[PDB]
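First comes one chain, alone, set out as structure tokens in the form deposited without this ligand.
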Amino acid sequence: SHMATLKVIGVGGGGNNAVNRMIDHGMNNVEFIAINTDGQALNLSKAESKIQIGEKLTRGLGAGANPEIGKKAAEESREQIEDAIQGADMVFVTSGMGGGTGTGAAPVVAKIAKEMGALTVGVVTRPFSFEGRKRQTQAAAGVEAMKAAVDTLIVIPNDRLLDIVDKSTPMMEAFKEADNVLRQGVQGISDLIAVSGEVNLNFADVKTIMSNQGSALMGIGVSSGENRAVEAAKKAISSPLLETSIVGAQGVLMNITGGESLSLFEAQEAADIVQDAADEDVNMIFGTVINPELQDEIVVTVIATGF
């Protein structure tokens, strides 16, 4: 076939939560896998594929906050993990850094995926500041292990969630907003992989921009009316949740989707917004897709790397 296989793997409590919320929202052409030391949380997982790691180590009661326990559980379940991953051309590993299962096992899962040739993308959170300095330091070590294990890594500091809520936004909704990064990135990459464009981008272009690239920005912006293209681009590159800014980006995959009214001029304006915002000359892998069922709506998908 010529259709890449995409899998999303949630490791630990936060990653399993992300998996479950993405499933609830509705995702179609992606295989979800849940990996955990916590048997109860895994029994509540909506993922079609489930891997309880560290069963003898932990008896399904969790790894605690020893990254080494989660790491050992993952390494001891390597074969199960590999069998679950087999067939994947692209693998998204999502996890909450700080704990023992995510922080320790997500890099092992990512390394396993990377050594099977899958384009391996990490989307991990850092703990809130109020969780303390030891938690944040452990999260940092986990983030560096992730960087060493993945093709590219998106970090979402939980503190940024305090910048998008008002005083009454339910925690559930804010966590759904954090998960939207991963979900909308997966959906955009999927659509781009699948849909032929007037300037065509395929999976190999995604690899070009994301293979062995370290830190990354992943964003999407939708807009309508006058100045829609510029505004969608600005939305795409200006997410308050992402640690990495677009500045200093050396590579960028950029796709623009619109109706049949999509003008070359406004696509140029969007690409200029992105190319200038980097404050650098950026290797842009650029694409355009005409979705005739859109009308006055323009969607700008951006993936930046090279920091």
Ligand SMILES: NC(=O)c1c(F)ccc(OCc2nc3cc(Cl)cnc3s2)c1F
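When you see a residue number, it is the position in the sequence shown, counting from 1.
Not pictured, yet referred to below: the form deposited with this ligand bound.
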**OP:** Choose from 193-201, 73-81, 227-235, 143-151 the stretch whose residues reach within 4.5 Å of this ligand in the deposited bound form, heavy atoms counted.
**Re:** 193-201
Original post:
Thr208 near this ligand in the deposited bound form, any heavy atom under 4.5 Å?
Top reply: no
**OP:** Although this ligand is absent from this view, report whether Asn20 comes within 4.5 Å of it in the deposited bound form, heavy atoms only.
**Re:** no
**OP:** Classify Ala118 as contacting or not contacting this ligand in the deposited bound form by the rule of any non-hydrogen atom within 4.5 angstroms, answering yes or no.
**Re:** no
Original post:
Would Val302 count as a contact of this ligand in the deposited bound form, using a 4.5 angstroms cut-off between non-hydrogen atoms?
Top reply: yes
Subject >> Non-hydrogen atom within 4.5 Å of this ligand in the deposited bound form for each of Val155, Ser245 and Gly248 >> reply: no
Subject >> Residues of stretch 218-246 in contact with this ligand in the deposited bound form (4.5 Å, non-hydrogen atom) >> reply: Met218, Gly219, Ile220
